[PDB]
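What follows is one structure encoded as structure tokens, with my remarks underneath.
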Amino acid sequence: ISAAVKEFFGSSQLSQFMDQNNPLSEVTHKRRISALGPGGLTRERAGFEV
DNA sequence: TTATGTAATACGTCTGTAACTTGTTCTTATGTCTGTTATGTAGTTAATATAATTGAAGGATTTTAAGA
């Protein structure tokens, strides 16, 4: 169980290093939606329509 | 004129320095042997139990072998 939670919180694609140049970077990073990651799209397999 | 005696001078030279060399003698670093402890290997255990496993996912086109 610890391994699963630390996998998700330490090695996930969506668990990213915080952007901290300025407050706007923080707010924008927290309000970001990614179609990539597990269960999502890959960049060499995502067409124009999406 | 010529013996004589001092004096400059050049050459041996006796001795003081120093180089070359060995004895030997002591000290130390190293290689080796031996004894002890930890490590590494191996064999055995006898209610009974008898077809995995875990994912993973909006691809878009070409070319080229098998099947009919």
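Convention: sequence-line order gives letters A, B, ...; per-chain numbering from 1.
A/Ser15 approaches A/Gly10 most closely through the heavy-atom pair OG-N, 4.5 Å.
Between A/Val50 and A/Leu41, some side-chain heavy-atom pair lies under the 4.5 Å cut-off. Taking the side chain as every heavy atom from C-beta outward, A/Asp19 and A/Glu26 never approach each other to under 4.5 Å.
B/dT50 adopts a syn glycosidic conformation, its chi angle falling within 90° of 0. Applying the 90° criterion around 0 to the glycosidic angle, B/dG31 comes out anti. Glycosidic conformation of B/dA51 is syn; the angle stays within 90° of 0.
With its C1'-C2'-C3'-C4' torsion below zero, B/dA19 shows a south sugar pucker.
The CZ atom of A/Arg45 sits 9 Å away from the P atom of B/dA60 (whole-angstrom rounding). Per the geometry, CD belonging to A/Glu44 stands 13 Å off P belonging to B/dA57, to the nearest Å. Nucleotide B/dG59 holds its P atom 8 Å from the CG atom of A/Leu41, rounded to whole Å. Per the geometry, CD belonging to A/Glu7 stands 13 Å off P belonging to B/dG55, to the nearest Å. Note: CG (A/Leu36) to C1' (B/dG58) measures 13 Å, nearest angstrom.
Across all strands, A/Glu49 comes closer than 4.0 Å to no nucleic acid atom at all (heavy-atom distances).
No donor-acceptor pair closer than 3.5 Å links the side chain of A/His29 to the backbone N or O of A/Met18.
Judged by ring centres under 5.5 angstrom apart and ring planes under 30 degrees, B/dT37 stacks on its strand neighbour B/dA38. Stacking check, B/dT64 with B/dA65: both criteria met, centre separation under 5.5 Å and interplanar angle under 30°.
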